[PDB]
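Visitor: got a sequence here, can you build the structure:
(chains A and B)
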Amino acid sequence: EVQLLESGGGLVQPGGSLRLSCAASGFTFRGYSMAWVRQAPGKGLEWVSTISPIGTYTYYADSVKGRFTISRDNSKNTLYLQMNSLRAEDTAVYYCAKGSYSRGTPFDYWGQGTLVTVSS
Amino acid sequence: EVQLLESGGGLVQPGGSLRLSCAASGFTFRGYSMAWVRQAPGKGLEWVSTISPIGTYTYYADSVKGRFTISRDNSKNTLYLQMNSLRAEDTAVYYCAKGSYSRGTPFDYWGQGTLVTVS
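Guide: Numbers count the residues shown, from 1 in each chain, chains lettered A, B, ... in the order given. Sure, the structure comes next:
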């Protein structure tokens, strides 16, 4: 019943822009921190950004500061990642992540992934 | 250098049992928590269970607590998931995932997945 539905990936040249979206079902956004993580080809998962439940606080990996913006719309149950000044090294599958209050993990649900290709 | 390979998936009758395993390479296995996550048809990834480095602590999603048991054998770099009383809701690709101590990533690698269908 819990679902995180991603969209927005695509193919761009360096300097391009994309907006990822993550629509949620089966829980209400307001209660939870949300995050974006990404897996670059042949690498391990890397954290991108986290946003607090009401959006008061946002956090960014050093590699995306000033270029990416996380935001959320709690009445829409949707999480966003605005990606500007895209770099080849941003090429990755991007996942949204639902914050959790369980002691077994700080995030207990992830989207299905959307591919971001920055090339040429 | 991290690599994870799940085994044991298959077709299971409703109410049946199945044991999955996960073999790991490229890291000191006993140094990390490990987890199972699963992807049902049409959905994203759902956290299933976590086990601590030596197995002292285990944690479960509410919908599998009790009928699932996570365990590990650190000398063989292997993680296990015993699944009992399986139901249609459990149909999914099951992945094992390596824990991480890095900011914002509780897990940093996960495996190829093994498919379990309950019907």
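Visitor: chain B contacts on chain A?
Guide: A:2-6, A:35, A:37, A:44-48, A:50, A:59, A:61, A:95, A:100, A:102-112 (Cβ under 8 Å from any Cβ of the partner chain). C-beta coordinates here come from the backbone N, C-alpha and C atoms, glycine included.
Visitor: what is the burial count for residue A:79?
Guide: Counted by other Cβ atoms under 10 Å in any protein chain shown, the residues lying close to residue A:79 total 27.
Visitor: who touches stretch A:112-120?
Guide: A:4-14, A:16, A:18, A:20, A:38, A:83, A:86-95, B:39, B:43-45 (Cβ atoms under 8 Å, 6 or more residues apart in numbering or on different chains).
Visitor: which of the residues you listed are buried? Put it as a PyMOL command.
Guide: This is the PyMOL syntax for the buried subset of the contacts of stretch A:112-120, where burial follows 16 or more other Cβ atoms under 10 Å in any protein chain shown:
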select buried, (chain A and resi 4+5+6+8+9+12+16+18+20+38+83+86+90+91+92+93+94+95) or (chain B and resi 39+43+44+45)
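Visitor: so which of the contacts of stretch A:112-120 are in strands?
Guide: A:4-7, A:10-12, A:18, A:20, A:38, A:83, A:92-95, B:39, B:45 (DSSP state E).
Visitor: who does the residue nearest in space to the middle of chain A bridge with?
Guide: Nearest residue to the geometric centre of chain A (Cα atoms, centre = their mean): residue A:36, 2.7 Å. Beta-bridge partners for residue A:36, by DSSP bridges, are residue A:49, residue A:96.
Visitor: can you pull the contacts of it?
Guide: Counted by Cβ under 8 Å, 6+ apart, residue A:36 has contacts A:20, A:48-50, A:70, A:79, A:81, A:94-97.
Visitor: now swap in residue A:52 and tell me
Guide: With Cβ under 8 Å, 6+ apart, residue A:52 has these contacts: A:33, A:58.
Visitor: that one and chain B, how far apart?
Guide: According to Cβ to the nearest Cβ, to the nearest Å, residue A:52 stands 13 Å off from chain B.
Visitor: pick the one among the contacts of residue A:36 closest to chain B.
Guide: residue A:50 (6.0 Å; Cβ to the nearest Cβ).
Visitor: residues contacting residue A:34?
Guide: So residue A:34 contacts A:22, A:50-51, A:70, A:72, A:79, A:96-99 (Cβ under 8 Å, 6+ apart).
Visitor: greatest separation within the residues you listed: which pair is it?
Guide: A:70 and A:98 (13.9 Å; Cβ to Cβ).
Visitor: go ahead and confirm residue A:95 touches residue A:110.
Guide: Yes. With contact defined as Cβ atoms under 8 Å, residue A:95 counts as touching residue A:110 (4.8 Å).
Visitor: shared neighbours of these two, anything?
Guide: Going by Cβ under 8 Å, 6+ apart, residues that sit against residue A:95 and also against residue A:110 are A:37, B:44-45.
Visitor: quick one: residue A:108 and residue A:100 touch, right?
Guide: Yes. Taking contacts as Cβ under 8 Å, residue A:108 lies within contact range of residue A:100: 3.7 Å.
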